[PDB]
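These values consider heavy atoms only, across backbone and side chains, with no hydrogens, waters or symmetry-generated copies. The first residue in the sequence is number 1, and the count goes up from there. We count ligands from 1, going down the list as the structure has it; atoms in each ligand are counted the same way.
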Amino acid sequence: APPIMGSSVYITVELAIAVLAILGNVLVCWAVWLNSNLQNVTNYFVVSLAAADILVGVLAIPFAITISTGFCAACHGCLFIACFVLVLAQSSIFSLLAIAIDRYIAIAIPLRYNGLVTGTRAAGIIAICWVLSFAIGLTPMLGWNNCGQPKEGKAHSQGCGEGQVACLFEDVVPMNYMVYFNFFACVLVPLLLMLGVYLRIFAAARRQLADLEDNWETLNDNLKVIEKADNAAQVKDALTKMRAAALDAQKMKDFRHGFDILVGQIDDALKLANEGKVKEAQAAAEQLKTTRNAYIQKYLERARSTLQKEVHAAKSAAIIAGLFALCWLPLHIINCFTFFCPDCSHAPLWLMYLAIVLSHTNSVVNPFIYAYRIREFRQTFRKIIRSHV
Ligand SMILES: CC(C)CCC[C@@H](C)[C@H]1CC[C@H]2[C@@H]3CC=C4C[C@@H](O)CC[C@]4(C)[C@H]3CC[C@]12C
Ligand SMILES: CC(C)CCC[C@@H](C)[C@H]1CC[C@H]2[C@@H]3CC=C4C[C@@H](O)CC[C@]4(C)[C@H]3CC[C@]12C
Ligand SMILES: CC(C)CCC[C@@H](C)[C@H]1CC[C@H]2[C@@H]3CC=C4C[C@@H](O)CC[C@]4(C)[C@H]3CC[C@]12C
Ligand SMILES: CCn1c(=O)c2[nH]c(/C=C/c3ccc(OC)c(OC)c3)nc2n(CC)c1=O
Ligand SMILES: CCCCCCCC/C=C\CCCCCCCC(=O)OC[C@H](O)CO
Ligand SMILES: CCCCCCCC/C=C\CCCCCCCC(=O)O
Ligand SMILES: CCCCCCCC/C=C\CCCCCCCC(=O)O
Ligand code: NA
């Protein structure tokens with residue numbers, strides 16, 4: 001069948017994807033720009049990721065359409081339009097890895113996050129990652145390419161000029177680069193590192209939540225021990241365990257006030273215990289319950305609510321990392337079959353184009369994930385569209 005027919009379908013789908021990638025990710029950038037509640041280090045990497053996806057629509061998809069025609073081109077010019085998308089994919093990987101690491105720092109050492117993770121450092125890291133993305137993605141332009149071995153019969157059949165080749169991705173980009181360097185080293189390894197970071201994030205969240213409820217249980221258990229104690233020494237033992245835990249749990253004004261009352265009331269009871277005044281110590285310790293109800297439970301619940309939101313933000317980020325993998329793995333896997341199985345028939349052209357458009361679909365999906373999973377984005381999206389569009 002005439003190639004322009006299947007080409008028309010491929011090109012039309014690509015153009016549709018390009019429109020959606022531009023519109024959705026422009027909206028992401030506009031939201032971060034407009035809403036100061038969205039201006040944090042995490043979302044600067046989100047913006048860098050949206051910028052890469054905007055350039056997929058503006059440049060990479062037009063380049064992909066061009067290289068599907070096999071037009072006559074100087075080989076290194078053909079190389080650039082083939083490889084530019086690798087720059088954008090690599091930048092996306094760096095942004096996704098940075099987002100994961102940022103969220104791990106926030107959950108594991110929240111006390112030093114704001115001093116460690118600053119806007120100026122994020123902007124410098126983003127700049128560095130874009131430079132490294134060009135070096136990685138344009139590495140074929142430094143000489144790891146097939147321009148030295150042009151397909152002269154294909155060039156002559158298409159009427160190409162001297163020094164020109166039919167511009168086709170797999171004719172100019174070496175497959176060993178795509179499999180060993182681009183896929184294994186530059187894509188697979190960072191994605192696996194991301195998985196490890198997310199596993200540590202969720203394990204850290206689970207441990208901290210367990211410790212909060214466990215510390216609550218230890219506090220309440222020890223009150224019962226004091227109540228049903230029969231000498232002052234048993235009261236002393238339990239209060240000593242309560243006092244060390246209270247100082248451990250203190251590590252905002254009513255928060256500090258609540259713990260000041262709590263530690264003071266424990267010291268009050270411990271002093272009576274050490275005088276052998278059991279009944280007064282048990283009565284003194286009952287006062288702790290008023291402090292527990294008015295203060296400690298509010299701190300516990302707020303700490304629980306903060307940790308659960310951190311789980312929610314890490315899950316949303318992990319979904320976006322997983323969707324990148326889901327959209328890009330088929331094309332990489334196909335390249336692995338082409339490279340490792342020369343006895344296998346090449347994947348058919350229709351499947352090649354399905355795998356290409358699928359990888360381009362990833363530049364559409366993140367704005368939807370933010371809208372459905374992050375209220376602050378969803379509300380900002382609403383105000384921008386309603387008050388303008
Ligand atoms: C800043 C942005 C908007 C500029 C975009 C520039 C792009 C479209 C330009 C820059 C380099 C250009 C390529 C440079 C060399 C060649 C080899 C020639 O035989 C065919 C055209 C081709 C393949 C060009 C296509 C267009 C190209 C990719
Ligand atoms: C969830 C995602 C990551 C899974 C992706 C699996 C896809 C990419 C796999 C599953 C089955 C695979 C195909 C199985 C058999 C062949 C025949 C061979 O002559 C060319 C490759 C080809 C056509 C494979 C291409 C890649 C393929 C389509
Ligand atoms: C964590 C996971 C997603 C890592 C990615 C899995 C990749 C590297 C695996 C999954 C399926 C694998 C392919 C399965 C079968 C064949 C056919 C064989 O004749 C050559 C190797 C080849 C082509 C494998 C190459 C590697 C491969 C593509
Ligand atoms: C992830 C990077 N990457 C690729 O690895 C890739 N590999 C191909 C090959 C396509 C093709 C193969 C055989 C053909 O005809 C026998 C053919 O005719 C038009 C096309 N395109 C790729 N693209 C998009 C530019 C990409 O972006
Ligand atoms: C705001 C965005 C600014 C604009 C962003 C850039 C626009 C992208 C358009 C096209 C890439 C395709 C260009 C490659 C076309 C090559 C066709 C060609 O040169 O064929 C001649 C002949 O084959 C040689 O001998
Ligand atoms: C602001 C948007 C920037 C992109 C504008 C261009 C939109 C995409 C247009 C078509 C891609 C180029 C197709 C050229 C195919 C060349 C085939 C040939 O010369 O034989
Ligand atoms: C594939 C090419 C790989 C290139 C490896 C060498 C480039 C690495 C360069 C340095 C990365 C960090 C740069 C630090 C910038 C300055 C820091 C600062 O001034 O505070
Ligand atoms: Na991307």
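- Of the charged side-chain nitrogens involved, none lies within less than 4.0 Å of a carboxylate oxygen, so that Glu275 and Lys236 do not count as a salt-bridged pair.
- Residue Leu326 places a heavy atom under 4.0 Å from ligand 2.
- Protein heavy atom nearest atom 8 (C) of ligand 2, with residue, atom name and distance: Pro330 CA, 3.6 Å.
- Contact atoms of ligand 2 toward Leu329: 3 (C) (distance under 4.0 Å to a heavy atom of the residue).
- Between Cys344 and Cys341 the SG-SG gap is short of 2.5 angstrom.
- For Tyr198 and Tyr104, the ring centers sit 6.0 Å or farther from each other.
- Nearest protein heavy-atom neighbour of atom 12 (C) of ligand 2: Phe337 CE1, 4.4 Å.
- In this structure, ligand 4 sits under 4.0 Å from heavy atoms belonging to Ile67, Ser68, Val85, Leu86, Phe169, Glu170, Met178, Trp328, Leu331, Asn335, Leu349, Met352, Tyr353, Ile356.
- Residues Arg121 and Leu116 share a closest heavy-atom pair of NH1-O, 2.9 Å.
- Among all protein heavy atoms, the one lying closest to atom 2 (C) of ligand 7 is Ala135 CB, 4.2 Å.
- Remark: atom 14 (C) of ligand 2 lies closer than 4.0 Å to no protein heavy atom.
- Of the protein's non-hydrogen atoms, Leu351 CD2, 4.0 Å is the one closest to atom 23 (C) of ligand 2.
- Screening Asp171, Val172, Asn146 for a side chain to side chain contact (heavy atoms under 4.5 Å, CB included) involving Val165 leaves a single residue, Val172.
- A cation-pi arrangement, defined by a distance under 6.0 Å to the six-membered ring centre and an angle within 45 degrees of its axis, is present between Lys315 and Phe202.
- Closest heavy-atom approach to atom 12 (C) of ligand 7 among the candidates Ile128, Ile125, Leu132, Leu138: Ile128.
- Here the CG atom belonging to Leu239 is positioned 9.0 Å from the CG atom belonging to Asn274, to the nearest 0.5 angstrom.
- The nearest protein heavy atom to atom 18 (C) of ligand 2 is closer than 4.0 Å.
- At the shortest separation from atom 7 (C) of ligand 2 among protein heavy atoms lies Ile333 CG2, 4.7 Å.
- Residues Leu23 and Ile369 are members of separate hydrophobic clusters, defined by side-chain heavy-atom contacts under 4.5 angstrom among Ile, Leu, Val, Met, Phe, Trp and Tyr.
- By the 30° and 60° cut-offs, the orientation of the rings of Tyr177 relative to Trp144 is perpendicular.
- Geometrically, ligand 2 and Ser345 share a nitrogen or oxygen pair separated by less than 3.5 Å.
- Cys pair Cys160 and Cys72 passes the test of SG atoms under 2.5 Å apart.
- Every atom of ligand 2 is numbered from 1 in the order shown, and the set under 4.0 Å from a heavy atom of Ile334 is 25 (C), 26 (C).
- Between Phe381 and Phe377, the gap from one ring centroid to the other is short of 6.0 Å.
- Paired with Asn362 under the rule side chain to side chain contact (heavy atoms under 4.5 Å, CB included), one option of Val56, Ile17, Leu326, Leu323 passes, and it is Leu323.
- There is a protein heavy atom less than 4.0 angstrom from atom 1 (C) of ligand 2.
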